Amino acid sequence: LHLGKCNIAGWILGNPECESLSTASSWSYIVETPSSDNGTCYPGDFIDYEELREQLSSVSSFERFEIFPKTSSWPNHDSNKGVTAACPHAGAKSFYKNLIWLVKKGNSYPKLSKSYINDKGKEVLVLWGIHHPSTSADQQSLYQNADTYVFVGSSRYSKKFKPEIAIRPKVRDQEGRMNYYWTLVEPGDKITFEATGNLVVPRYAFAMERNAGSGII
């Protein structure tokens, strides 16, 4: 579709300004603005953005679904605290609608291990993020554990993530960074998340069926 003053990243991640939209179910190309104000509200670097740009260029069937329900998928962690000033919505802190910033629950961030099998009969687009805190204080305050790791694994994807604690130049009042990754899950495959902190879990995924060709305008 045509998405106004938002970019692909902010639209697929669900920036607060791009907003939860009904959207269409099929398109052949995508009309973007040369420079968009609302991309990634928390500072970071979208990995394989050009790859995802072309995969989403032409889609015949597009349906978003809550892969991990915010309410019951994370009992051992806090799913209702992950808001930031870098992602404001109408004078208050917010975050991406499709991602959940998981925080410790009290004085414990237990080992996380969640899985999802693709029973949608078509490849599902999953997106997540790893938060790199600005200081060691935020690492202890957010995820308790000092030495953490994130592991995202499927039959077509395997990578471990080691967060780095460092004070980046302040952008949107943030000195930490947050990268965003994504993978496609073939039908029948099982994506598995394993982390002890710094994981921005997915809330809404996207079951899709792509087409050949197309680009971006």
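Sequential numbering from 1, following the sequence displayed.
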| When the C-alpha temperature factors are averaged for each of 74-82 and 117-125, which stretch ends up with the higher value in the entry? | 117-125
| task | Report the stretch with the higher mean CA temperature factor, choosing between 151-159 and 28-36 on the basis of the entry. | result | 28-36
| said: Take the CA temperature factors straight from the PDB entry and tell me which of 63, 164, 48, 45 peaks. | reply: 63
| note | Comparing C-alpha B-factors across 205, 9, 201, 21 in this entry, the winner is 21
| query | Thinking about Cα B factors across the chain, which third does residue 141 belong to? | reply | lowest
| field | Relative C-alpha B-factor of residue 107, binned into the chain's lowest, middle or highest third | value | highest
| Within-chain third of residue 183 by Cα B-factor, per the entry | lowest
| query | Lowest, middle or highest third: where is residue 171 by Cα B-factor in its chain? | reply | lowest
